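One chain is shown next in structure tokens, namely the form deposited in one PDB entry.
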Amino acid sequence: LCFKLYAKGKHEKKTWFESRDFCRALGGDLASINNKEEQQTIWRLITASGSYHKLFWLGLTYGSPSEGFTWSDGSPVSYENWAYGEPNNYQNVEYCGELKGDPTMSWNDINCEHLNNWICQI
């Protein structure tokens, strides 16, 4: 699949669910990062667009307590790149995953209603 960055001003930022719906309407989904190669592809896309250090929704959403975090596209959550100490469900309200678009490419769980950039796959 092809990844596409949506780096938006405040007017066009989206919640996790809004971002998921946008990517699905176009024929894809929010991006799943299933290995280091995908991660490095997205990092290069971030550098090519000058989007260094921006935050982006990924397809990470909590499933059942048993499943834990899942990918919206249904791929297995095998590879992980959570930031140290994450996911921490800070204040019990963090059920969606965002990418910190710096060289670490780390993930953090945050409130699903936060307005963010996002990355689609198509």
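C-alpha atoms forming the largest set that superposes within 1.5 Å between two forms make up the rigid core. Shifts are known only where both forms have a C-alpha. Note that residue numbering follows the sequence shown and begins at 1.
One more form of this protein should be noted, the form deposited in another entry, which is absent from this view; the next part is about it.
Annotation: Cα of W43 displaced by less than 2 Å between this form and the one not shown, core superposition. With the core held fixed between this form and the one not shown, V93 has its Cα displaced by at least 2 Å. In the core-superposed comparison between this form and the one not shown, the C-alpha atom of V77 has shifted by at least 2 angstroms. Note: the CA-CA distance for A83 and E18 expands in the other entry relative to this form, by 3 angstroms or more. Relative to the displayed conformation, the Cα-Cα distance from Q91 to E18 shrinks by 3 Å or more in the other entry.
After superposition on the rigid core, only one stretch of three or more consecutive residues whose Cα atoms move by at least 2 Å between this form and the one not shown is found, at 68-94.
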